[PDB]
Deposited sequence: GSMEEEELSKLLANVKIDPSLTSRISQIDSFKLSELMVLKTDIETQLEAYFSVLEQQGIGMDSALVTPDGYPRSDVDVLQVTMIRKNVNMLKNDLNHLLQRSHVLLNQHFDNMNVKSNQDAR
């Protein structure tokens, strides 16, 4: 049955809730918490990159890939792009906080 095969497919298409919760707190976390999260996002990205390597494909690309290959690569590439977006956010927020720290000391970054 088509509906039941699809529920299994989907109910297992999931993102670690702990990671999602922490990402939601980018704008409230302290720098130390942000840098631990950064590392954990990087570890996740590393895992996705390793699977893309097995698929012999990078992030930008067009032997014949089957439908399932295409679906898997589509999923992995989307995951990567969403994670890279969150990592970028984390870094941008971190830069704001770093700048606040310089401001507090009446110093500028070397630049």
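> When the deposited sequence is counted from residue 1, which ranges lack any model?
In sequence order, the gaps with no modelled C-alpha are 1-2, 65-70, 120-122.
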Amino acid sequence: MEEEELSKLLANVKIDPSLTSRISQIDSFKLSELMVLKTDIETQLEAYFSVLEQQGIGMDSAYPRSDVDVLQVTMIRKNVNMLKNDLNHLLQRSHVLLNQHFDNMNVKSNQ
From here on, numbers count along this sequence of modelled residues.
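> Taking the mean of the C-alpha B-factors per stretch from the entry, tell me the winner out of 5-13 and 97-105.
So the stretch with the higher mean C-alpha B-factor is 5-13.
> Taking the recorded C-alpha temperature factors, which stretch has the higher mean, 50-58 or 70-78?
Comparing 50-58 with 70-78, the higher mean C-alpha B-factor belongs to 50-58.
> Quick one: which of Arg65, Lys38, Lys84, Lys30 shows the highest Cα temperature factor in the PDB entry?
Checking the PDB record, the top C-alpha B-factor among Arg65, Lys38, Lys84, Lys30 is at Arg65.
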